[PDB]
Amino acid sequence: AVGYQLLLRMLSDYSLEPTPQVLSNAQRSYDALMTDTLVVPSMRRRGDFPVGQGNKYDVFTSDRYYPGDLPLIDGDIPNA
Amino acid sequence: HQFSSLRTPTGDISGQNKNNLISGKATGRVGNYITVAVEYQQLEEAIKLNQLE
C-alpha cells in the first residue's frame, strides 16, 4: 500500500500517466489497510438516563443513573 | 492522635503517602511507704509516760 500510494504521487515527475490496473491494485491495497485500521466506536449512555429498579442499587455499585463519563476506577485519584 | 493534611490542585493522593497511626500512653506507678514508728518500755510507760494520746 505504501509503495503504491507513493508511486501514484511521484509519477508526474517522469510525466508517465498511471494505468487502470495499477489504480485498481492501489485501491485494493489501500482498502485492505483501511480494514486493518478500523475502530468503530460505540454509543455511550447519555448521563441522565435512569438505571432500572431491577439493577439493585443501594446494594450494588450502581447508582440511580448512568455516569455519562468514564466512571471512577480507584478513589485515590477521584477527580477523573 | 494528630493528623496532617495534603494540598493538591485537583485531589490526587495516589503518588503520595498517607498518615500513620502511632499510639502512645502515659503510665503511673506506686511510690514508697510513708511510715512513722515509735517505741517505749514498760517501766517508762508505767512511771513517766502520761497523756500519751
# chains A, B, ... in the order shown; residues from 1 in each chain; ligands from 1
>>> residues_around(residues="segment 62-69 of chain A", least_positions_apart="3", cutoff="9 Å", atoms="only C-alpha atoms", output="JSON, numbers by chain")
{"A": [44, 45, 46, 47, 48, 49, 50, 51, 52, 53, 55, 56, 57, 58, 59]}
>>> interface_residues(of="chain A", to="chain B", cutoff="9 Å", atoms="only C-alpha atoms", output="compact mmCIF listing (two decimals) with N, CA, C and O atoms, in the first residue's frame")
# COMPACT_ATOMS: atom_id res chain seq x y z
N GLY A 75 -10.44 5.80 43.38
CA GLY A 75 -10.82 6.52 44.61
C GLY A 75 -9.63 7.26 45.15
O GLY A 75 -9.84 8.29 45.78
N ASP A 76 -8.42 6.76 44.91
CA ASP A 76 -7.21 7.54 45.27
C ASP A 76 -7.15 8.73 44.32
O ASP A 76 -6.82 9.83 44.78
N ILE A 77 -7.43 8.50 43.03
CA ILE A 77 -7.49 9.60 42.03
C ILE A 77 -8.96 9.82 41.73
O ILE A 77 -9.47 9.18 40.81
N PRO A 78 -9.70 10.69 42.45
CA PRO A 78 -11.12 10.81 42.22
C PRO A 78 -11.57 11.90 41.25
O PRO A 78 -12.70 11.85 40.84
N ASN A 79 -10.69 12.84 40.92
CA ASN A 79 -11.08 13.99 40.05
C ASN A 79 -11.47 13.48 38.66
O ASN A 79 -12.44 14.02 38.09
>>> select_by_dssp(residues="chain B", states="helix (DSSP H, G or I)", output="JSON, numbers by chain")
{"B": [42, 43, 44, 45, 46, 47]}
>>> write_last_selection(atoms="N, CA and C atoms", output="compact mmCIF listing (two decimals), in the first residue's frame")
# COMPACT_ATOMS: atom_id res chain seq x y z
N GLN B 42 8.14 -0.73 129.13
CA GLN B 42 7.03 -0.94 130.05
C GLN B 42 7.16 -0.07 131.29
N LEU B 43 8.35 -0.03 131.89
CA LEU B 43 8.52 0.82 133.07
C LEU B 43 8.43 2.30 132.69
N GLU B 44 8.91 2.66 131.50
CA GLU B 44 8.78 4.04 131.04
C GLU B 44 7.32 4.45 130.96
N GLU B 45 6.48 3.61 130.35
CA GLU B 45 5.06 3.93 130.30
C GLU B 45 4.39 3.79 131.66
N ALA B 46 4.99 3.04 132.58
CA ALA B 46 4.42 2.87 133.90
C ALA B 46 4.64 4.08 134.80
N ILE B 47 5.78 4.77 134.67
CA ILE B 47 6.11 5.88 135.57
C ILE B 47 6.08 7.22 134.85
>>> atom_distance(atom1="atom CA of residue 21 of chain A", atom2="atom CA of residue 37 of chain A")
24.5 Å
>>> closest_residue(among="A:33, A:70, A:39, A:80", to="residue 1 of chain A", atoms="only C-alpha atoms")
A:33
